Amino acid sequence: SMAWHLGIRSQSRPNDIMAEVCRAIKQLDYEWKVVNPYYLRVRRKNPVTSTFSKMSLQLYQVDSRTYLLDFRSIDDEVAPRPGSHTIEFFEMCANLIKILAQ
């Protein structure tokens, strides 16, 4: 676990990146709002737990050929119950990536 990369990079057209992520969000039944053309706030109801989780997506330019999609979790507001805000953020990200990218 040497080299950690912030989000994921693409040389696809930014218009195509946003279009596809919005398509995936809709496909996964997440709700979303467009803050900027390159900035989305998304919300998902957990099917098992019934809780809500929120995250932000932000597209950045890193080269003249290269873009980076950044994901950020949004904070809310004896044996464990179902749920982990942190692990669910990971799953949300992985689900969005799988269903919109490569």
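Sequential numbering from 1, following the sequence displayed.
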Deposited residues missing from the model between residue 77 and residue 78 number 10 or more
Per the entry's values, where does residue 46 land by CA temperature factor relative to the rest of its chain, in the lowest, middle or highest third? middle
Among all modelled residues of this chain, ranked by Cα B factor, put residue 29 in the bottom, middle or top third, i.e. lowest, middle or highest. highest
Divide the modelled residues of the chain into thirds by Cα B-factor and specify which third, lowest, middle or highest, holds residue 53. highest
Residue 6: CA B-factor among chain residues, third -> lowest
